[PDB]
Each structure stands twice: as C-alpha cells, then as structure tokens.
Amino acid sequence: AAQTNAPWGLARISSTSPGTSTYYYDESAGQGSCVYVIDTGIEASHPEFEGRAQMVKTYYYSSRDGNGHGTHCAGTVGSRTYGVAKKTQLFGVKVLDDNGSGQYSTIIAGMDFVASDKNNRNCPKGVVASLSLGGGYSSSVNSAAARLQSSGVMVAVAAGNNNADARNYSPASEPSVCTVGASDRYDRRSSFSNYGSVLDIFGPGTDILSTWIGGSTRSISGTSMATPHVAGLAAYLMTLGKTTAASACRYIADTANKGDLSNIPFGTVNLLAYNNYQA
Ligand SMILES: [Ca+2]
C-alpha cells in the first residue's frame, strides 16, 4: 500500500533515504494487535481513530485527555492518517494529568495495570505499550518496565529530552525494554534527544504531525513523538508474523537502517527504525 504526501516520519520509517513523502506499508496495518498508550489519555472520539481507540483506565478524576499529548502519541501509533499501524486497537491509560505530569507511583500503577489487562483484551497478534514519559532514574519505575516487558508486552520508552545521557532517566535506562531516541527530517539527531549506549533505536521525533484533542491536528516535537513510531512499527511487525513482543526490539534493530544519522555521539547506536516493506 501506499499513502502519498504522508507526514515525513511515516515516509521515513518506510524509506532507506530521507526526503520522501509517501508511506509504503503492508495493508494488514496491525490488524489483530493491541497498543496501550500510557500517557494523558486518548480523545477516542476523534474521527481519526475510527472507533479503534478506548480509554480503559484513569488514576485521576477523569479519563479524558484534557492535555492532547496522549492523543498525539496515540495518533502516531494508530490513527488512520497519521499512524503507523492504521488498523491496530488502541487502549488508553491516563497516568499523567492534564498538565502532562504525574507521580511515579501513578505511573508504576498504570504499567502493572497493562501486564494484567492485556488478559482482558483480544490481541491475538501481539500487545505493545508505548510510554512517552520519563523522569530521573528510579529502580522502582525501571522495575515496573521490566515486569511489563517480561509479561510479554513489547515496551517502547522515550529516551528524554535533555540532551544527555539517558542512563540517568527512567524508564529509559531500564535494559530490558526498547529506549527510543529521536531524529529529524534531515536525519540529524534531534537537538533535544537524549543518547547513550541504553538506547536501542531512533525514530522520527522532530515536527511530527499527528492528532490533537477537539478533533484537531498539530505538529510537535519530542522523544515522545519518536516512541509511538517504534510502538506502532512493533504492532505492524507482529501482525505480519515477523517478530514477537519479546523479540521485537531486537528485530527492529536487526532490520534498521544502519549509519545513516548524523549528530550521534560515540557510543550511541546509529540505527533508524525501518519497515523493511519497499526494499
Ligand atoms: Ca532492549
């Protein structure tokens, strides 16, 4: 399939070179998989989700996304226009409030909640989680990531946005999950993206057009935005039978576009998520 004049980052994870605007992908498009966006929620009523999104948990007085961050991330995962896995089922877990913040213990609760809830959902092709959030190193927050992964969810986490080594941030530093740095449409590392040997992969993170609340769409930037490209890609690959939730971070690394980013420090992978669909 092909979706012309696509946001640059969808084109980019289906291209070997930068500077193209069509997204080439297999039409199964993540059918039969499930992605949990653990964030500020999802405006499920957005036309762009087409009935494929459901809040299923909020730790606040309301489950609605009143911030837009979660809605944006979820759109990159699985909205019809702006998404990677255009036919996956989305599930929202509101751990962050509407200013986008949230206490560690609420975040850990939401994570353990996915390890369990997945057993209340039909996700025969695989289950992913996407965590576009992070704060300073915590053994506990990391351990909640690891539990989620161990239970058989592909966990994708933002590496952070301070320009540092991500080894000091959580859940980014945790080893056993898939820590996602950011890039721009000219294959530069995004100027805010964290780096460091704990990263597994880069995806598109600078000027990422996706959904917003009110039914609306904006471009924003962040490792938040890079993270749901890798989650959605993991869903797409599960569905195609290429990989599994426990194997998907390694499969994505193995099949990435290797050398191609500039602005990589020494010691950080130079790997760019690729769907290996057009070539
Ligand atoms: Ca890993």
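### What to know about the pairing of strand β5 (residues 89–94)
Two faces, one strand: in a regular strand the side chains alternate between the faces of the sheet.
Here's step 1: For β5, the tally of buried residues reaches five of six residues, placing the bulk of the element in the interior.
Here's step 2: Pairing of strand β3 (residues 33–39) with β5 involves six bridges; the strand directions are parallel. Paired with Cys34 across the bridge in β5 is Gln89.
Here's step 3: In this fold, the crossover linking strand β4 (residues 53–58) to β5 by way of helix α2 (residues 69–78) has left-handed handedness.

### Section: the UniProt feature "binding site: Ca(2+) 2" in the protein chain
Here's step 1: As recorded in UniProt, the feature "binding site: Ca(2+) 2" lies at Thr16 and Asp260. Taken along the chain, the residues just named run across 245 residues; in space they keep tight, none of their C-alpha pairs more than 8.9 Å apart.
Here's step 2: Assignment of secondary structure puts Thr16 in the loop between α1 (8–12) and β2 (23–24).
Here's step 3: Ignoring any residue separated from it by four or fewer positions in sequence, one finds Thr16 in contact with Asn257, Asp260, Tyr274 and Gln278.
Here's step 4: Here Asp260 is to be found in the loop between β14 (257–258) and β15 (271–272).
Here's step 5: Residues contacting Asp260, with those up to four places away along its chain left out, are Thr16, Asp187 and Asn270.

### Description of the state of the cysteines
Here's step 1: As enumerated under the stated definition, the model contains two disulfides in all.
Here's step 2: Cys34 shares a disulfide with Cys123; S-S distance 1.6 Å. As the torsion about the S-S bond is roughly -90°, the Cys34-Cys123 disulfide counts as left-handed. With a gap of 89 residues between them, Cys34 in strand β3 and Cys123 in the loop between α3 (104–117) and β6 (126–131) connect regions that are remote in the sequence.
Here's step 3: Taking the relative accessible area as the measure of exposure, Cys34 reaches 0% and is therefore buried.
Here's step 4: When its relative accessible area of 12% is taken as the criterion, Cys123 is described as buried.
Here's step 5: Shown here is the disulfide that connects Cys178 with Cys249, its sulfur atoms set 2.0 Å apart. Sign of the S-S torsion, about 80° for the bond between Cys178 and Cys249, identifies this disulfide as right-handed. Highlighted residues: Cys178 in strand β10 (residues 178–183) and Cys249 in helix α6 (residues 248–254), separated in sequence by 71 residues.

### Details of the environment of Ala146
Here's step 1: Mapped onto the fold, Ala146 is located in helix α4 (residues 139–150).
Here's step 2: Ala146 sits 31 residues away from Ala115 along the chain, and the two C-alpha atoms are 10 Å apart.

### Considerations on the packing of aromatic side chains
Here's step 1: One pass over the full model with this rule turns up two aromatic pairs.
Here's step 2: Taken together, a centroid distance of 4.8 Å and an interplanar angle of 15° make the contact between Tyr23 and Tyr25 stacked. Here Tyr23 and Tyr25 have matching classes, each one buried.
Here's step 3: The ring of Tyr60 has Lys94 sitting right over it, with the charged end atom 6.0 Å from the ring centre.

### Considering unusual backbone geometry
Here's step 1: Here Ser170 and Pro171 are connected by a cis peptide whose omega angle stands at 0°.
Here's step 2: Turning to its location among the elements, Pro171 is positioned in the loop between β9 (169–170) and β10.
Here's step 3: The phi torsion at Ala29 lies on the positive side, around 55°, for a residue other than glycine.
Here's step 4: Structurally, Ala29 can be placed in the loop between β2 and β3.
Here's step 5: Of note, the phi angle at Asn276 is positive, near 40°, even though the residue is not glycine.
Here's step 6: For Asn276, a relative accessible area of 38% translates into the label partly exposed.

### Let's talk about the nonpolar core
Here's step 1: Residues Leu90, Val128, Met154 and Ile201 are the most contacted members of the largest nonpolar core, which totals 47 residues.
Here's step 2: Secondary structure elements with two or more residues in this core: α1, β3, α2, β8 (154–158), β10, β12 (208–212), α5 (223–240) and α6.
Here's step 3: When residues of this core are assigned to their parent elements, the largest contribution, 10 residues, is made by α5.
Here's step 4: Among all residues touching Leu90, those that are not within four sequence positions of it are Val35, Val37, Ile42, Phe49, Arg52, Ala53, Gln54, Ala74, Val77 and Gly78.

### Some details on α5
It helps to recall that an α-helix has 3.6 residues per turn; residues three or four apart then point in one direction.
Here's step 1: Spanning 18 residues, α5 covers 26 Å between terminal C-alpha atoms, matching the ideal 26 Å at 1.5 Å per step.
Here's step 2: With 17 of its 18 residues buried, α5 lies for the most part within the structure.
Here's step 3: Note on α5: the residue one or two positions beyond its end, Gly241, has a positive phi of about 90°.

About the criteria used
Residues numbered from 1 in each chain as written, not as in the entry; some residues may be left out. Heavy atoms only, no water. Buried < 20%, exposed > 50% of the residue type's maximum accessible area, 1.4 Å probe, protein only. Helix = DSSP H or I, 4+ residues; strand = E, 2+ residues; numbered from the N terminus. Pairing = 2+ DSSP bridges. Right-handed = clockwise from strand over helix to strand, strands pointing away. UniProt positions renumbered as here; feature names shortened; annotations may be inferred. Contact = heavy atoms within 4.5 Å. Disulfide = S-S within 2.5 Å. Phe/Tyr/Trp six-rings, centres within 6.5 Å; stacked < 30°, edge-to-face > 60°. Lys NZ or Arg CZ within 6 Å of the ring centre and 35° of its normal. Core = buried A, V, L, I, M, F, W, Y, C linked by side-chain atoms within 4.5 Å. Expected span 1.5 Å × (residues − 1).

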